[PDB]
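Chains as they are written, first to last, in the working numbering: chain A, 80 to 110; chain B, 18 to 323; chain C, 6 to 95; chain D, 275 to 386; chain E, 121 to 195; chain F, 498 to 613; chain G, 1200 to 1318.
Worksheet for the structure shown next.
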RNA sequence: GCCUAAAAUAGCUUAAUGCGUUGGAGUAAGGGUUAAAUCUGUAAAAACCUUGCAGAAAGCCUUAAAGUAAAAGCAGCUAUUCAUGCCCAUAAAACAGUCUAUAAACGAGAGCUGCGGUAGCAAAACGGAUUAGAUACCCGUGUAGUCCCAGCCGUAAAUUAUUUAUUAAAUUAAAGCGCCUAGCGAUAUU
Ligand SMILES: [K+]
Ligand SMILES: [K+]
Ligand SMILES: [K+]
Ligand SMILES: [K+]
Ligand SMILES: [K+]
Ligand SMILES: [Mg+2]
């Protein structure tokens, strides 16, 4: 795998982690 | 701090984790005395006495200690905190018993003086003493758990308990479950000792102490699951100050906490000091709990007056 | 030219007690010399290093030169002279 | 001073030796009945017996030391190897297979 | 602990000996290591760079030595 | 009066140089530093500041009667060269130079590297 | 196996040193071993001083003992050294079982037979 | 018989560092930056000679790893338990294989629960600077964590595909598998 391929995946992983933390402390999870 | 994960795990040995069959058993955690080898029967007949409950009432018949009374029958044990009687005679431990009046464990020791009958006594059980062990006191005894020696024959770093303030009155300082004290240095006629609360104090070198700790390491893991569990021990409920009426408590009014928190008699209870500034015992205290020097406490309002 | 001990001598005298013998493999500052300087086999290199480390634990050697123990050289020579005289008389 | 022969015997004996050496000495003596001749140490009867004895001695060892994972993995490897050896003997030489099972008190569960 | 005696007031000579002791007995190396912390994976890379520089210097002077041996160059 | 043998301790740790004069038992008699002479935050790292501090210490040492001294150096730095030379040229005789720089056998974790 | 004990004790009198040595010897004998060598080197000056909480010892008395005993003797000897307060530092090291290897013995046997065969 | 940077278990050593540490001596700074300041001191600090207490880590040897520990990984000293590796001398008449559908065990660092410990370092946090802004990089303090014991979690840019023959490698031909079929796009459902 190349550096370019790593960077393309990096952005999507960051977005998923951010959303999960927001729903960590909510009654109704946003999905 | 109790958490429900701790009870679910059911890891620590020596505890009884009651299954949540009923609402009053869900959070209940107790001590398993059988698994530890602790006797939980009746005390020795010649070292015990039955007494009535006082329920916090003095000779005038008025309540002086609140929230007491209404428990089970009370029986008291006689404990020999000073082993000066049996200095030379060795003792053999017969049993380790539980006493509902204290948080530690008591040990029953039999002595056999030459030319006399056996003698029975109660002693505060050290951390690692079991039935059949041999306990010794006085000069010529090893520095091991369960031995009582004067402070002049104890190493600095050895933990100790049941320390005497006065030369022969008896041990008074370190008694609670799983507590100990250490010696930092020894001067001409005094030793610097750190107490369980973190206070540095001067104690005469001719006082005696016991090597080791106290014999209950499961005290802080207990959880009473019911109100009635502490009723059986002899404790009564108490009412919050802000729940009462104005004629009963300073917090009585309809509003909650109109004034800073205080006792039922109006004394601030969130930091105001109660020890006497000019107490005679200031000459023996070097550092108070938290690290405050004695001079800072003794001379604090005198500077403000000046 | 400097003295060199034979590999047979090393295997027979490589012990933590023989501080004098072990000194030949230490630098003037008191550190262990590498194998490329001692000219020893790998098994012999390990034995010498372990002997020195064990001697340090027993206070028979110091990890480095010490300023407060500079009189030992005088002491060792004085002890050596007495021992030689005693054995010669005997 | 006189010589102490009783001291020499103790030193040359198994008294002053590690535990493993003493155990291994007993294992060899226990196979004196099934070996082919006085010096047989490699016949299938001897090899299987020695592996079985090692397993029995290792059971108490790992009940106390439950964290020595390296030793357990070695034991597991030998455990599987012995099964395949017995599987081969049964298919090709039943009479030898029968003797090993009878001597060691095993069960006939090594078929395919 | 290195002790350098001063003879005839030649302080500069004593200073030269002190520098030699530090380099020979590995005092400068200890100071360099303790200036700041590096992970074992980063320390490995640092050691490679230092060895690479040493090898380049050895190669350069190997070329010069051959010229001197053959052509008897007075450098 | 002037027949006094002393010790001069030089500490240099990449930011400042500290010179202390002591007797042979370890009791301090005088001490100097670049900031005590007039050189401040950024100017304390110059070789001129080290020389001035060394000269001032020598003047006090001679007044007290210390003419023969031994120099103990701790640390690796460039200021030690100038301080030692100034002491010799100021009239103080130097008999020995001793290096006592410590060396941990393992030790504590240093701080992280600056990502400047 | 064969073990060797090196002990550094305080420079006290002979009676105190003898008592410390006797304790180790009886421990070996009780377990079922025997002692081969007993030696003393007197008071020696160390490379650096041994420090106790309030004491400094620049010298010590050194003696050595060699004994053969079961593998359980090491813990017993270690306990005795810790309990005794006249001992400053100690170490126990294991030694080879035999002086001569099997190969060396065979060569001697062969040489003897050759002499007999020639005779 | 010896050896071991192998694993588990138990004892022991201290170079340096820290302090609401002891005594002596001495007086204005110490610390830090591109340049400064916050911060620590003058009510007696740093520096120097001494005293006490404490945790972590293992200079030279020391080098790859050449041990390969199965992989993750592994060098302060000594001993026990156990498993390897070396020499020298033996042993087997019939038995022992490769690969893995399925199943199981081991498994860095971070993280979670309880118990003990807390020097140094350091997420978060709070101040001083830099800058158009600095919510970052730099400086000063500094809690979890890093450490010990018992559990949970099973994730890495967590090594070169495995085996036979040939071969320094390579190349050539086979045996049993897993995975890929343009990219892009889910916290889909189970
Ligand atoms: K209430
Ligand atoms: K009110
Ligand atoms: K992990
Ligand atoms: K990774
Ligand atoms: K493809
Ligand atoms: Mg009401």
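All C-beta atoms, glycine included, are put in the ideal place defined by N, C-alpha and C.
Going along chain G in order, which residues have a C-beta closer than 7 Å to the C-beta of residue 288 of chain D? Here residue 288 of chain D refers to the residue found at position 14 when the fourth chain is read from its first residue. Correct list: empty, because the minimum Cβ distance to chain G is about 10 Å.
Okay, do the stretch 1204-1217 of chain G and the stretch 1254-1271 of chain G touch, 3+ Cβ pairs below 8 Å being the bar? The stretch 1204-1217 of chain G is in contact with the stretch 1254-1271 of chain G.
Beta-ladder partner(s) of residue 380 of chain D, from DSSP: Mapped onto the fourth chain, residue 380 of chain D falls at position 106. DSSP output for residue 380 of chain D lists no bridge partner at all.
Compute the minimum distance between the beta carbon of residue 268 of chain B and the heavy atoms of ligand 2, and state whether it is under 7 Å. Locating residue 268 of chain B in the second chain gives position 251, where the first residue counts as 1. For ligand 2, at least one heavy atom lies less than 7 Å from the Cβ of residue 268 of chain B.
Chain E beta carbons: is any one of them nearer than 8 Å to that of residue 36 of chain C? The count along the third chain starts at 1 and reaches residue 36 of chain C at position 31. Yes, because at least one Cβ of chain E sits closer than 8 Å to the Cβ of residue 36 of chain C.
Can you tell me whether residue 93 of chain A is helix, strand or coil according to DSSP? As a working note, residue 93 of chain A is residue 14 in the first chain. Looking at residue 93 of chain A - three-state DSSP - the assignment turns out to be helix.
Residue 108 of chain B, DSSP secondary structure in three states: Taking the first residue of the second chain as 1, we reach residue 108 of chain B at position 91. For residue 108 of chain B, the three-state secondary structure derived from DSSP is strand.
Quick one: list the residues of chain F neighbouring residue 148 of chain E, beta-carbon separation under 7 Å, in chain order. Counting from 1 along the fifth chain, the entry for residue 148 of chain E is found at position 28. Correct list: 573.
Of all the options C:70, C:39, C:27 and C:54, which has the alpha carbon lying nearest to the alpha carbon of residue 1247 of chain G? Indexing the seventh chain from 1 puts residue 1247 of chain G at position 48. Minimum Cα distance to residue 1247 of chain G is reached at C:70.
Please confirm if residue 31 of chain C has its CB atom under 8 Å from at least one CB of chain E. Here residue 31 of chain C corresponds to residue number 26 of the third chain, with the count starting at 1. Between residue 31 of chain C and chain E, the shortest Cβ-Cβ separation is not below 8 Å.
Contact between the stretch 218-234 of chain B and the stretch 294-303 of chain B (3+ Cβ pairs under 8 Å): Here the stretch 218-234 of chain B lies against the stretch 294-303 of chain B, with 3 or more beta-carbon pairs under 8 Å apart.
Please state if the CB of residue 506 of chain F and the CB of residue 569 of chain F are separated by a distance shorter than 8 Å. As a working note, residue 569 of chain F is residue 72 in the sixth chain. As a working note, residue 506 of chain F is residue 9 in the sixth chain. The answer is yes: Cβ separation under 8 Å.
Could you work out which residues of chain E lie near residue 544 of chain F, taking near to mean beta carbons separated by less than 9 Å? Along the sixth chain, one-based indexing puts residue 544 of chain F at 47. The contacting residues do not exist; residue 544 of chain F stays about 15 Å from chain E at best.
Would you list, in sequence order, the uninterrupted alpha helix (DSSP H) runs of no fewer than 4 residues that lie entirely inside the stretch 288-315 of chain D? The stretch 288-315 of chain D contains these whole alpha helix (DSSP H) runs: 293-303.
Residue 280 of chain B: beta carbon under 7 Å from a heavy atom of ligand 2? Mapped onto the second chain, residue 280 of chain B falls at position 263. At a cut-off of 7 Å, the beta-carbon of residue 280 of chain B does not count as near ligand 2: no heavy atom of the ligand is closer than that.
Looking only at its chain, what residues have a beta carbon closer than 8 Å to the beta carbon of residue 9 of chain C, apart from the 5 residues adjacent to it on each side? As a first step, residue 9 of chain C must be located in the third chain, where it is residue number 4. Excluding five sequence positions before and after residue 9 of chain C, the CB atoms of its chain that fall closer than 8 Å to its own CB belong to 44, given in chain order.
May I have the straight-line CA-CA distance separating residue 260 of chain B from residue 42 of chain B, to the nearest angstrom? Taking the first residue of the second chain as position 1, residue 260 of chain B is located at position 243. Taking the first residue of the second chain as position 1, residue 42 of chain B is located at position 25. Looking at the two C-alpha atoms, the distance is approximately 29 Å.
What number of angstroms, rounded off, separates the C-alpha of residue 311 of chain B from the C-alpha of residue 294 of chain B? For this step, residue 311 of chain B is matched to residue 294 along the second chain. For this step, residue 294 of chain B is matched to residue 277 along the second chain. The straight-line gap from Cα to Cα measures roughly 10 Å.
Please decide whether residue 1252 of chain G counts as near chain D, where near means a Cβ-Cβ distance under 8 Å. Position 53 of the seventh chain holds residue 1252 of chain G. No, residue 1252 of chain G lies away from the interface with chain D (no Cβ there is under 8 Å from its Cβ).
If residue 123 of chain B and residue 144 of chain B are in contact, beta carbons under 8 Å, what's the gap, nearest whole angstrom? Stepping through the second chain from its first residue, residue 123 of chain B is reached at position 106. Stepping through the second chain from its first residue, residue 144 of chain B is reached at position 127. About 14 Å separates the beta carbons of residue 123 of chain B and residue 144 of chain B, which is beyond the 8 Å limit, so they are not a contact pair.
Using a 10 Å radius around the Cβ and a threshold of 16 neighbouring Cβ atoms, would you call residue 225 of chain B buried or exposed? Sequence index remark: in the second chain, residue 225 of chain B carries index 208 (1-based). That one is buried.
Who's in the neighbourhood of ligand 1, going by beta-carbon under 7 Å from any heavy atom, listed in chain order? Listed by chain position, these are B:254, B:255, B:256 and B:257.
For a cutoff of 8 Å on Cβ pairs, would you count residue 564 of chain F as touching chain E? Start at 1 with the first residue of the sixth chain, and residue 564 of chain F comes out as number 67. Residue 564 of chain F does not count as touching chain E.
Looking at the strands, I want to know which residues DSSP matches up with residue 1205 of chain G. The sequence position of residue 1205 of chain G within the seventh chain is 6, counting from 1. Looking at the DSSP output, residue 1205 of chain G sits in a beta bridge with G:1263 and G:1290.
Ligand 2 and residue 275 of chain B: does the residue's C-beta get closer than 7 Å to at least one heavy atom of that ligand? In the second chain, residue 275 of chain B corresponds to position 258, counting from 1. Under cutoff, so the answer is yes.
Could you please give the first and the last residue of the uninterrupted alpha helix (DSSP H) stretch that includes residue 336 of chain D? As a working mapping, residue 336 of chain D is identified with position 62 in the fourth chain. Unbroken alpha helix (DSSP H) run through residue 336 of chain D: 318-338.
Counting only the same chain and skipping the five closest in sequence on each side, list residues whose C-beta sits under 8 Å from that of residue 317 of chain B. Mapped onto the second chain, residue 317 of chain B falls at position 300. By the criterion of a C-beta distance shorter than 8 Å, residue 317 of chain B is surrounded in its chain by 294, once the five residues flanking it on both sides are discounted.
My guess is that residue 126 of chain E and residue 593 of chain F are in contact by the Cβ rule of under 8 Å, so how many angstroms apart are they, rounded? The residue labelled residue 126 of chain E in the question sits at position 6 within the fifth chain. The residue labelled residue 593 of chain F in the question sits at position 96 within the sixth chain. Confirmed, Cβ separation roughly 6 Å.
Within 10 angstroms of the Cβ of residue 197 of chain B, are there 16 or more other Cβ atoms? Answer buried if so, exposed if not. What you label residue 197 of chain B is simply residue 180 of the second chain in a count that begins at 1. Buried, since its Cβ has 16 or more Cβ neighbours within 10 Å.
I'd like to know if residue 1266 of chain G contacts chain D, where contact means its C-beta is closer than 8 Å to some C-beta of that chain. For the purposes of this step, residue 1266 of chain G is identified with residue 67 of the seventh chain, where counting begins at 1. At a cut-off of 8 Å between beta-carbon atoms, residue 1266 of chain G makes no contact with chain D.
Buried or exposed: where does residue 553 of chain F fall if 16 or more other Cβ atoms within 10 Å of its Cβ makes it buried? Counting from one through the sixth chain, the residue named residue 553 of chain F turns up at place 56. In this structure residue 553 of chain F is buried. Its beta-carbon is surrounded by 16 or more other beta-carbon atoms within 10 angstroms.
Since residue 74 of chain C meets chain G, which of its residues come closer than 8 Å, beta carbon to beta carbon? Within the third chain, numbered from 1, the residue matching residue 74 of chain C stands at position 69. Going along chain G in sequence order, the residues near residue 74 of chain C (Cβ under 8 Å) are 1246 and 1247.
DSSP three-state assignment for residue 46 of chain C, whether helix, strand or coil: Residue 46 of chain C sits at position 41 when you count from the first residue of the third chain. Collapsing the DSSP output to three states places residue 46 of chain C in coil.
Check the Cβ of residue 1290 of chain G against every Cβ in chain C and list those closer than 8 Å, keeping chain order. One-based indexing of the seventh chain puts residue 1290 of chain G at position 91. Near residue 1290 of chain G (Cβ distances below 8 Å), the residues of chain C are 59, 62 and 63.
Give the straight-line distance between the Cα atoms of residue 349 of chain D and residue 59 of chain B, rounded to the nearest whole angstrom. As a first step, residue 349 of chain D is located in the fourth chain; it is residue number 75 there, counting from the start. As a first step, residue 59 of chain B is located in the second chain; it is residue number 42 there, counting from the start. Inter-residue distance for residue 349 of chain D and residue 59 of chain B is about 53 Å (C-alpha atoms, whole angstroms).
So if I threshold CB-CB distances at 8 Å, which residues from the stretch 588-605 of chain F count as touching chain E? The stretch 588-605 of chain F vs chain E, Cβ under 8 Å: 590, 591, 592, 593, 594, 595, 596, 597, 598, 600, 601 and 604.
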